[PDB]
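Chemist: sequence and experimental coordinates follow.
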Amino acid sequence: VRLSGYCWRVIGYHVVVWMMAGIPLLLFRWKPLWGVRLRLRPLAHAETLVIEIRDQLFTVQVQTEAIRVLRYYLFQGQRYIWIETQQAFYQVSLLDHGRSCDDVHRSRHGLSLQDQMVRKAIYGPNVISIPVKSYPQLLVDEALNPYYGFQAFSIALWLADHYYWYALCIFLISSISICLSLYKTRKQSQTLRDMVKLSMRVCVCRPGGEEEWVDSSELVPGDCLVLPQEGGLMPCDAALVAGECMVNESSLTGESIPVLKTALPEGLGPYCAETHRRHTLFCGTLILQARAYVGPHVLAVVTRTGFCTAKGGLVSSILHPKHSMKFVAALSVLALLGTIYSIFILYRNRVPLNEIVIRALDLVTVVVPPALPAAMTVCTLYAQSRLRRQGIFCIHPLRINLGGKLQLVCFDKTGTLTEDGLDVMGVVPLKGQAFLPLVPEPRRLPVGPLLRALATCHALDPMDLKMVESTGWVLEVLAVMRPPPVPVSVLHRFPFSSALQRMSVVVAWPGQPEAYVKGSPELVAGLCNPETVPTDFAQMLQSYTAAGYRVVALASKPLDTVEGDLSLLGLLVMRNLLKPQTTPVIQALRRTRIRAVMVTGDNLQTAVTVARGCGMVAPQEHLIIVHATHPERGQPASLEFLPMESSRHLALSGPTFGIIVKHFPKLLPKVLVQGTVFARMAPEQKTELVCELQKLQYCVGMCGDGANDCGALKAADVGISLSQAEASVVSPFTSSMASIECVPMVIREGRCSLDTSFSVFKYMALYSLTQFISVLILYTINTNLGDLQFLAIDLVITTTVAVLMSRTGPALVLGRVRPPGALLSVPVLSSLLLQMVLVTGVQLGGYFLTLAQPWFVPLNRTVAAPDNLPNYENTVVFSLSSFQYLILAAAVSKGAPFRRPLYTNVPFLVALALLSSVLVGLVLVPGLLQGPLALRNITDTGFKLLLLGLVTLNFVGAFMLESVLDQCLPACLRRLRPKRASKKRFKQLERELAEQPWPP
Ligand SMILES: CCCCCCCC(=O)OC[C@H](COP(=O)(O)O[C@@H]1[C@H](O)[C@H](OP(=O)(O)O)[C@H](O)[C@H](OP(=O)(O)O)[C@H]1O)OC(=O)CCCCCCC
Ligand SMILES: CC(C)CCC[C@@H](C)[C@H]1CC[C@H]2[C@@H]3CC=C4C[C@@H](OC(=O)CCC(=O)O)CC[C@]4(C)[C@H]3CC[C@]12C
Ligand SMILES: CC(C)CCC[C@@H](C)[C@H]1CC[C@H]2[C@@H]3CC=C4C[C@@H](OC(=O)CCC(=O)O)CC[C@]4(C)[C@H]3CC[C@]12C
Ligand SMILES: CC(C)CCC[C@@H](C)[C@H]1CC[C@H]2[C@@H]3CC=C4C[C@@H](OC(=O)CCC(=O)O)CC[C@]4(C)[C@H]3CC[C@]12C
Ligand SMILES: CCCCCCCCCCCCO[C@@H]1O[C@H](CO)[C@@H](O[C@H]2O[C@H](CO)[C@@H](O)[C@H](O)[C@H]2O)[C@H](O)[C@H]1O
Ligand SMILES: CC(C)CCC[C@@H](C)[C@H]1CC[C@H]2[C@@H]3CC=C4C[C@@H](O)CC[C@]4(C)[C@H]3CC[C@]12C
Ligand SMILES: CC(C)CCC[C@@H](C)[C@H]1CC[C@H]2[C@@H]3CC=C4C[C@@H](O)CC[C@]4(C)[C@H]3CC[C@]12C
Ligand SMILES: CC(C)CCC[C@@H](C)[C@H]1CC[C@H]2[C@@H]3CC=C4C[C@@H](O)CC[C@]4(C)[C@H]3CC[C@]12C
Ligand SMILES: CC(C)CCC[C@@H](C)[C@H]1CC[C@H]2[C@@H]3CC=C4C[C@@H](O)CC[C@]4(C)[C@H]3CC[C@]12C
Ligand SMILES: *[C@@H]1O[C@H](CO)[C@@H](O)[C@H](O)[C@H]1NC(C)=O
Ligand SMILES: CCCCCCCCCCCCCC
Ligand SMILES: [NH3+]CCC[NH2+]CCCC[NH2+]CCC[NH3+]
Ligand SMILES: CCCCCCCCCCCC
Ligand SMILES: CCCCCCCCCC
Ligand SMILES: CCCCCCCCCC
Ligand SMILES: CCCCCCCCCC
Ligand SMILES: CCCCCCCCCC
Ligand SMILES: CCCCCCCCCC
Ligand SMILES: CCCCCCCCCC
Ligand SMILES: CCCCCCCCCC
Ligand SMILES: CCCCCCCCCC
Ligand SMILES: [Mg+2]
C-alpha cells in the first residue's frame, strides 16, 4: 500500500514502444515498472500521474478542478482529494470521520449555496458513473490476448507462403469472434450503466428558506432532504433527523416487509450507521411512507453520496473484482527442437535461404494450432443453444465449462428457495382458555365472528390480500362481502396506525354492530380481556415465532370505545412456503456430493426452519448455532456454540460472520468448511463469503434472484439469476423459469462442455502433433505435403470431426464422479504420448515398407519440395496420415458418464463413414482425385492391401488403447503410492475436522 507521483518524453516512449513491436508484451509481462518509469518521467506534491502498489501496480491520472485549486483522483470508484495541511491525498469518505450526532443535528437546517458548491467540488456528483469505453479502448483492453497475436503472425506467414485459403478462414473466424466479443462486452457495460442510473426531482431546504427542487446529482453530505409524504425511491444514504418512516429494504435484506425507521437519537458520541442502522435511510430502499408527527414535514440529513453509499460500495465491488490448456514449456521446446532440426536438415539439403526461413517458420504453426480456441468454443455454443432451447440464457459460453467442475452452490432464501411472499398456514380459533387445532384452510369453520373477521378486517398490502383470498369472501358503508350464509357490510373503519400496530373495523349484517381488531399477538392479547385470553399465549407464541412463522391476533366485541375491551377470536399464522420444486433438486444435488448452502438476508429462525424443511440439513445431521459477541473493550470477543434438536452443520449469523472474519482468521476455514446457513448477510458480506470460499479452492456458484445478491453473483464462478431484471445484468446465466431446477440442468450441461472440451483439445493436439511428424518425415527427404493436401487436412477433416464430435448431450442423470479438472493430468498426457507412439510407429513402418519394393524409385532431391510431386513417399505418407486423423478423432471422443454414448450422434458416425470411404477410394480407385492432390497412383494391389491393413491396425490399436487406459489406469495409479492426500484446501480441512472435529 505505497505510491509515487510522476510528472517530450511521451514521444520517445511512444516511438520506443511502437518501434519495438513487442515491448508491449514486456511491459505487459512481469516487469511493467520500467515502461511507466520512462513514460511517466519521474513527487507526490507535484505530479501529473500517480502509481500505487497494493501489498498490485495501478496507474491513475491526477484530475483537477477549480473552486481556489483542487486536486483529486478516482480509484476503484472511490475518490481521493489532496490536502495541503498534510500535503497528501486522503480518501473523501474519511474526510469527516467520527462526526458527533449533535453535529449532524446542527445541520437540521440545510446547507448554504456556497457551501453546497464547494462541498460538491470535494465529494463530487451523486451519480454512479460507469466508465463505458469506446471500441478501441475495449479492443486494446479485452482483446490483447497473445494467442490472437500468434494467429496474426501465422496468417501473415501463410500469406507469405501462398497458403491463402486457410489464412482467410482463420482470419474470418478470429475477426468475427473478436467483433462479437467487443459488441457484447460493450452491451453489458451499457446495460449496467442503465441499471445503476438514477434520476429524480428531490426537494432540499436552505437556511434562507424556500425549499428548492434539484436533481439527484446535486446532493452532497450535509444538506437534508424533505422526504415526501407519499414515498418513492431514496436517492442516497441519509440519517433521519425529524419524523418516522416505513421503508422497504428489499434491496439490502431481500425481504419486502415494511421496516420502521425513527429519528436519530440526539446526543454526543459518533454516528456510524452500523449501530444507528435503525435511524438511517439507505440508498435504493423504497420508502413506503414518511409521517412526521412533529413540525411541517419529515427531514433526513445526507451522510454519503455517489460511490460512498452502500449501493455505491456494492456497485464498486461489482465493477472491480481450462486454465491449464495454455501450457507453454513443452510446446515451445518441441517447436524449437523441430525448427533447429529443420534448419540443420535443410542446410544439409541445399535449398535457397528464403525457402529455408519460410519452411522453418511454418513448422511452429504446424505444432501450435492457430484454430485451437475456435475448436474449444464450438461445444460451448452447442451447450448455449441447448440451454436457450430450455429457458436458461447465457452471455459468456466459455463460462459453461465451469458448470462441469462446480462443487458448491449457494442459494438465496426468499424468492429462490421459497415463494416470493407469505401464505396462510391456518387460523387458530379458541373458545375458552385453549386453542383449537390449527385449521389448514380457513374455509371450513362455523359462521361465527372469527370467519367474519377473517373476511372483513383489511385495508382494501399483500398480507390482507392473502387473508381475503384464502377465506374466499368476495368484495363488492364502505363494502359488502359475499360468502361462497349472509352478506356482511362494513359500517365503519379506521386506518392501520403505523405507531401502534392495530387495525380496527366495525361491521354489520342483515341479521348487533360488531367490531374486529387485527394486530400483533402480544399487544392485542394485552388489549383483550384476560378471561378469554388463555394462559399459554407465551408458549404458543414462542412456538410459532421461533419456528420462523408470523402470527396475527384477531379480537372482537359486539357494539377508544372500539379498541378497548376486547376478546381474542384466534390467531392467523403465515409462513414463506418452499417452492414445490426445491426439495427434489436439493436432495439430487446432495446425493452427488454437491454442497448446498443457504445465504440469506432473513432472520436466523426462518433460515434454519427452511433449511431443515427443504433437506439441506437432514433430520439426523447435527446443527449448531455459532454466536460471536462483539468486543466489549474489557474482554476480547469469544465464540459460543449452541446446539439444537438433532455430518455436522453450522449456522452463522451476520454480525457474527464479520466478527469471525475480523477477530478469528485462523478458525474461519473450519467454520466455512462445515457451515450451511448464513443469515443476516449484508450485500457485501455475500461477496466476502463467496471470495473466502473461492480462496479455499472451491468452484462456487450461487442462484440468487434479488437485487441484494448481485455482487455475489458476479464473484461466483457460475452465477444464475431467477429474475429478468436487477440481477440478469451481472449474472452469466439467467433463467426465465424461477425455481432451483435450473441449477442441476446447468451442471449437467457444464459437464458435457468440460468433457467435450477435453476430447476436442486432445484431438487438436494430436491433429497438430501427428501432422508435425509427417511434415518432418517429408522434410527429411526434401519434400512437403502439398497445398491441396495441407488444405484437405486443415479445412475439411479437422472442421468436420471437431464440430461433429461436440453434438453429444448429457446422460440425463448426475453421477457421483466429477470430470477431470485439468488438461495436464496424468491420464491426458499418457493418452497423447501413447497414441503418438502408436501413430509414429505406423507412419514410420509404412515409410520403411514402401522402400522395400521392386517397383519403388526414390525422388531426386535436387529439386525443390513442391516440385518433387507427384511422389511415392508423399502419397504413401499422406494416405496413412489422412486415415490416422479420422482414427484419432473417432477414438478420442467418449460417451458415458458425462455424455450420451458415442453411437447416438449419427451425423458424426456418418461423416466418419463418408470421409473414410473417400479416403479408401483415393488409396484404391485410380486417378479420380489424384490430379488435384499430387499422388503417384500405386499400381501394386498387394501393397495397397498392406496399407489398408496398417491403417486397420492403427484403428484397432487406438480403440483398444483408449479402452484399456480408461479401464485400468486409475487402478495402477492408486495401487502405487496410495497415500494421496489431495492438495485442495477444503479437502485437507475436511480431513483435519474428520479426524479431530475442532468444536467439541
Ligand atoms: C511430468 C509431470 C507429470 C504430471 C504430474 C502431475 C501430478 C500428478 O501426477 O498427479 C498426482 C497423481 C494423481 O493425480 P492427478 O490425477 O494427476 O491429478 C491430481 C490429483 O488427482 C487431484 O485429485 P484427487 O487427489 O484424486 O482428489 C486433482 O485431480 C488435481 O488435478 P485437477 O487440477 O484436475 O483437480 C491433481 O492434484 O498421482 C498418481 O496417481 C501417481 C502418478 C506418479 C507418476 C509421477 C509423474 C511424474
Ligand atoms: C486476427 C487478426 C487478423 C486481428 C484482427 C483484428 C480486427 C478484427 C480489428 C482490427 C481493427 C479493428 C477496428 C478498429 C476500429 C474500428 C472503428 C470503429 O468505428 C469508429 O471509428 C467509431 C468508434 C466509436 O466512436 O466508439 C468500429 C470498429 C472498428 C472497425 C474495429 C473492428 C475490429 C478491427 C477490424
Ligand atoms: C467453414 C468453417 C469455418 C467451419 C464453420 C462451421 C460452422 C458452419 C458451425 C460452427 C458453429 C456451428 C453451430 C453450433 C451450434 C449449433 C446449435 C445446434 O443446436 C442444437 O442442435 C441443440 C438444440 C436442440 O436441438 O435442443 C444447431 C446447429 C448450430 C447452430 C451449429 C451450426 C453450424 C455452425 C455455425
Ligand atoms: C476445396 C475443397 C476441399 C472444398 C471444401 C469445402 C469445405 C469448406 C466444406 C466441406 C465439408 C463441409 C462440412 C460438412 C458438414 C458440416 C456439418 C454441419 O453440421 C451442422 O450444421 C450442425 C449439425 C447439428 O447441430 O446436428 C456444419 C458444417 C460442416 C462442418 C461443413 C462445413 C464446410 C465443409 C468443411
Ligand atoms: C477448427 C474448427 C474451427 C471452428 C470454427 C467455428 C467456431 C467459431 C467460433 C468463434 C468464437 C465465437 O464466440 C465468441 O468468441 C469469443 C472468444 O473466442 C468469446 O469471448 C470470450 O472472451 C471474452 C473476453 O475476452 C468474454 O467477454 C466473452 O464472454 C467470452 O466468451 C465470445 O463470448 C464468444 O461468443
Ligand atoms: C527464429 C525466428 C525466425 C522466429 C521469429 C518469429 C517471431 C516474429 C514470432 C514468434 C512468436 C510471435 C509473438 C507471439 C506473441 C505475441 C504477443 C502479441 O501481444 C504481440 C505479438 C507477439 C509478440 C508475436 C509476434 C511475432 C512473434 C514474435
Ligand atoms: C522465439 C521462440 C520462443 C519461438 C516462438 C515460440 C512461440 C510460438 C511461443 C512463444 C511464447 C508462447 C506463448 C506463451 C503464452 C501463451 C499462453 C496463452 O495466451 C496461449 C498460448 C501462448 C500464447 C503461447 C503459445 C506459443 C508461444 C507463442
Ligand atoms: C466458406 C468460407 C468463406 C467460410 C465462411 C464461413 C462463415 C459463414 C462462418 C465464419 C464464422 C461463423 C460464425 C461464428 C459464430 C457464430 C455464432 C453462433 O451463435 C451462430 C453462428 C455464427 C454466426 C457462425 C456462422 C457461420 C460463420 C459466419
Ligand atoms: C464403415 C467403414 C468404412 C469403417 C468405419 C466404421 C467406424 C467408424 C464405425 C462402425 C461402427 C462404429 C462403432 C459402433 C459402436 C461402438 C460402441 C460405442 O462404445 C462407441 C464405439 C463403437 C465401437 C463405434 C466406433 C465407430 C465405428 C467402429
Ligand atoms: C532430378 O532433377 C532433374 C531436373 O531436371 C530431373 O530431370 C531428374 O529426374 C533428376 N535428376 C537425375 C540426375 O536423375
Ligand atoms: C476429402 C478431401 C478431398 C479434397 C478435394 C480437393 C478438390 C480440389 C478441387 C480442385 C482444385 C485444383 C484443380 C486445378
Ligand atoms: N497446418 C498449417 C500448415 C500449413 N502449411 C502450408 C504450407 C504450404 C506450402 N506451399 C508451398 C507453395 C510454394 N510456392
Ligand atoms: C474457401 C475455401 C477454398 C476453396 C477455393 C480454393 C480451391 C483450391 C484452389 C487451388 C488452386 C491451385
Ligand atoms: C457473414 C458474417 C456475419 C454472420 C452473422 C453474424 C451474427 C448474426 C446474428 C443474428
Ligand atoms: C462484420 C460482421 C459483423 C457481424 C456481427 C455483428 C453483430 C450481430 C448482432 C450480435
Ligand atoms: C451460416 C449462417 C447461419 C448461422 C445461424 C444459424 C442458426 C440456426 C438456429 C437453429
Ligand atoms: C451437408 C448436408 C448435411 C448437413 C447436416 C444435416 C443435419 C444433421 C443433423 C440433424
Ligand atoms: C456430411 C456429414 C453429415 C451427414 C449427415 C447426414 C444426416 C444424418 C441425420 C439422419
Ligand atoms: C475411419 C477409418 C477407416 C478405415 C478403413 C478401413 C478399410 C475398410 C474397407 C476394407
Ligand atoms: C501378400 C498378400 C497380401 C496380404 C495383406 C495383409 C493385409 C490384409 C488386409 C485385409
Ligand atoms: C464397452 C465399450 C466397447 C467399445 C469397443 C471398442 C472396440 C471396437 C471394435 C471395432
Ligand atoms: Mg431474494
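Modeler: Everything's here; your move. Numbers count the residues shown, from 1 in each chain. Ligands and ions are numbered 1, 2, ... in the order given.
Chemist: can you name every helix or strand that the longest helix seen in the chain contacts?
Modeler: Identified as the longest helix of the chain according to DSSP state H is helix 742-779. In terms of contacts (3 or more C-beta pairs under 8 Å, 6 or more residues apart in numbering; DSSP states H and E), helix 742-779 is packed against helix 329-348, helix 353-367, helix 372-388, helix 583-590, strand 718-721, helix 798-804, helix 826-850, helix 872-892. To be clear about C-beta, it is placed using only N, CA and C from the backbone, and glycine gets the same treatment.
Chemist: gap between it and the chain center?
Modeler: Mean-position distance between helix 742-779 and its chain equals 26 Å (C-alpha atoms, centre = their mean, to the nearest Å).
Chemist: which parts of it are buried?
Modeler: Buried residues in helix 742-779, counted by 16 or more other C-beta atoms under 10 Å: 742-775, 777-779.
Chemist: does ligand 9 sit close to that helix?
Modeler: No - judged by C-beta under 6 Å from any ligand atom, helix 742-779 and ligand 9 are separated, with a smallest distance of 12.8 Å.
Chemist: quick check: next helix or strand after that helix?
Modeler: Following helix 742-779 in sequence order, the next helix or strand is helix 787-791 (DSSP states H and E).
Chemist: can I get the CA coordinates of that following helix in CSV?
Modeler: Provided in CSV are the C-alpha atoms of helix 787-791 (Å, rounded to 0.1, in the frame of the first residue of the first chain):
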residue,chain,number,x,y,z
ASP,A,787,-1.0,-27.1,-50.8
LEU,A,788,-4.1,-29.2,-51.6
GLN,A,789,-3.0,-31.9,-49.2
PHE,A,790,-2.5,-29.3,-46.5
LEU,A,791,-5.9,-27.9,-47.2
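Chemist: who's in contact with it?
Modeler: With C-beta atoms under 8 Å, 6 or more residues apart in numbering as the test, helix 787-791 has contacts from 162, 163, 165, 166, 866, 874, 878, 932, 933, 934.
Chemist: now those as a markdown table including neighbour count?
Modeler: A markdown table is the format used below for the contacts of helix 787-791 (neighbours: other C-beta atoms under 10 Å):
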| residue | neighbour count |
| --- | --- |
| 162 | 10 |
| 163 | 19 |
| 165 | 13 |
| 166 | 20 |
| 866 | 14 |
| 874 | 26 |
| 878 | 25 |
| 932 | 12 |
| 933 | 20 |
| 934 | 20 |
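Chemist: which members of these occur in helices, if any?
Modeler: 165, 166, 874, 878.
Chemist: near ligand 9, which residues of the chain are found?
Modeler: Residues of the chain lying near ligand 9 by C-beta under 6 Å from any ligand atom: 890, 895, 901, 902, 903, 909, 912, 913, 916, 917.
Chemist: tell me if the last one really is in a strand.
Modeler: Pointing back at residue 917 there. No - under DSSP: H, G, I helix; E, B strand; the rest coil, residue 917 falls outside any strand and is assigned helix.
Chemist: tell me the contacts of it?
Modeler: Contact partners of residue 917, counting by C-beta under 8 Å, 6+ apart, are absent.
Chemist: for the stretch 201-350 of the chain, which residue gets nearest to ligand 2?
Modeler: Using C-beta to the nearest ligand atom, the single residue of the stretch 201-350 of the chain nearest to ligand 2 is residue 326, 17.5 Å away.
Chemist: tell me who's in contact with the residue most central in space within the chain.
Modeler: For the chain, the residue nearest the mean C-alpha position is residue 719 (3.1 Å; C-alpha atoms, centre = their mean). Neighbouring residues of residue 719 by C-beta under 8 Å, 6+ apart: 701, 702, 703, 704, 712, 713, 730, 731, 732, 733.
Chemist: can you do 10 Å?
Modeler: Going by C-beta atoms under 10 Å, 6 or more residues apart in numbering, residue 719 touches 399, 410, 690, 700-704, 709-710, 712-713, 727, 730-734.
Chemist: nearest residue to it in space, please, no chain neighbours.
Modeler: Distance criterion C-beta to C-beta, 6 or more residues apart in numbering; nearest residue to residue 719, sequence neighbours excluded, is residue 713 at 3.6 Å.
Chemist: got it, and residue 804?
Modeler: Closest to residue 804 by C-beta to C-beta, 6+ apart is residue 908, at 4.1 Å.
Chemist: kindly report the same for residue 589.
Modeler: Excluding the flanking residues, the one nearest residue 589 by C-beta to C-beta, 6+ apart is residue 596, at 5.4 Å.
Chemist: quick one: the one you found is in a strand?
Modeler: Yes - under three-state DSSP, residue 596 falls within a strand.
Chemist: please shift the residue numbers so they start at 5 in all later answers.
Modeler: Sure, I'll start numbering at 5, so the last one becomes residue 600.
Chemist: so it sits against residue 410, correct?
Modeler: No - applying C-beta atoms under 10 Å, one finds residue 600 not in contact with residue 410, separated by 11.7 Å.
Chemist: now do the shared contacts for the two.
Modeler: Both residue 600 and residue 410 are contacted by residue 747, under the criterion C-beta under 10 Å, 6+ apart.
Chemist: mind splitting the protein into its structural domains?
Modeler: Following automatic domain parsing, one gets these domains for the chain: 138-199, 205-323, 336-367, 411-422+583-720, 454-579, 760-979.
Chemist: dump those domains into CSV; add distance to ligand 8 as well.
Modeler: Below are these laid out as CSV (distance: least, C-beta to the nearest ligand atom, whole Å):
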stretch, distance to ligand 8
domain 138-199, 5
domain 205-323, 27
domain 336-367, 22
domain 411-422+583-720, 23
domain 454-579, 42
domain 760-979, 9
